[PDB]
Amino acid sequence: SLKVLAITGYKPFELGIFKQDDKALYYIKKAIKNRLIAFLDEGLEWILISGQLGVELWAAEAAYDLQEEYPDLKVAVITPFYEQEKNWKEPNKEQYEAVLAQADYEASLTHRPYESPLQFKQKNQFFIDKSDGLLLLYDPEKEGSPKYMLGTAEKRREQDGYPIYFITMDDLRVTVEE
């Protein structure tokens, strides 16, 4: 049973999305909320993100818009290290802070700022190990930043059938027409 869902996906630059304005962002969030609704009616308790800009924060925001009708849905933000938002633009810092302020749980796997790629590696392994499945907004042709975490998920799938779910560019098209 899928109680804890990890969610990741593209950073804003990968999609060319720089304002919450924003046409495709409406459809991205709608696609996320529609997946979550389905998971919720199959016993979803927790979503888990690391606080990454783009899809991770947008997924938390989507979950927060659903908690009124699904008050048992909880959001955990577990960061790989401290102050990951330190060099982001002010509006992005604010977006991040708003998400962390509202999370049911939040912690950092290491009690220090960014030190080495090892903190990302360890965080990804933790997320895969401690969740029941992974949802990605990710496209296999484009590839990009989420491929790394996907790989770690696929290594678990190979072993125990850990389910992986995608919102591809084709999925976003279907979201638009419906």
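Counting starts from 1 on each chain and goes along its sequence as written, which need not follow the entry numbering; residues with no coordinates are hidden. To obtain the side-chain values, all non-hydrogen atoms of the structure were included, while hydrogens and water were left out.

K.L.:
Help me understand the pattern of salt bridges in this model?
P.N.:
Oppositely charged side chains may form a pair once their charged atoms are brought near each other. Any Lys or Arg side-chain nitrogen found within 4 Å of a carboxyl oxygen on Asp or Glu counts as a salt bridge. For the coordinates displayed, the defined rule picks out eight salt bridges. For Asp21, the salt bridge identified is with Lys23, shortest N-O distance 3.6 Å. A residue is classified by how much of its surface remains accessible, and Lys23, at 60% relative accessible area, is exposed. Salt-bridge contacts for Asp170 lead to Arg173; the nearest nitrogen and oxygen are separated by 2.9 Å. In this pair, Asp170 and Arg173 are both assigned in helix α7 (residues 169–177), three residues apart and thus about one turn of the helix distant. Exposure remark for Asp170: the relative accessible area of 44% places this residue in the partly exposed category. Residues joined in a network through salt bridges with shared partners are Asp170, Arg173 and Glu177. Partly exposed residues are those whose accessible area sits between 20% and 50% of the maximum for their type, while under 20% is buried and over 50% is exposed, using a 1.4 Å probe and protein chains only. A run of H or I in DSSP counts as a helix once it spans at least four residues, and a run of E counts as a strand once it spans at least two, with each numbered from the N terminus.

K.L.:
When you look at the pairing of strand β3 (residues 74–79) in this model, what are you seeing that I'm missing?
P.N.:
Each regular strand shows side chains that alternate between the opposite faces of the sheet. Among the six residues of β3, five are classified as buried, and the element is accordingly described as predominantly covered. Read from β3 through helix α4 (residues 90–102) to strand β4 (residues 105–108), the crossover connection turns out right-handed. By convention a crossover is right-handed if, when the strands point away from the viewer, the path from the first strand over the helix to the second runs clockwise.

K.L.:
Explain the sheet that holds strand β5 (residues 133–137) here, please?
P.N.:
Adjacent strands of a sheet pair through backbone hydrogen bonds, lying either parallel or antiparallel. Strands were regarded as paired on the criterion that DSSP finds at least two bridges between them. Reading across from one edge, β4-β3-β2-β1-β5-β6 is the order of the six strands in this open sheet, with parallel pairing throughout. Only two strands of the sheet have a single neighbouring strand rather than two, namely β4 and β6 (164–167). Within this sheet the neighbouring strands show an average axis-to-axis angle of 20 degrees, counted without direction. Where strand β1 (residues 4–9) meets strand β2 (residues 46–49), three bridges bridge the pair, whose relative direction is parallel. Across the sheet, residue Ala6 finds its bridge partner in β2, namely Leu48. Sheet strands touched by helix α2 (residues 23–40): β1, β2, β5 and β6. Its angle to β6, the strand with the most contacts, is close to 150 degrees. We call two residues contacting when some pair of their heavy atoms lies within 4.5 Å. Think of each axis as a best-fit line through the C-alpha atoms, taken over the contacting stretch in the case of a helix, with angles from 0 to 180 degrees between the N-to-C directions. Of the strands in this sheet, β1, β2, β3 and β5 are in contact with helix α5 (residues 117–130), which crosses β3 at around 150 degrees.

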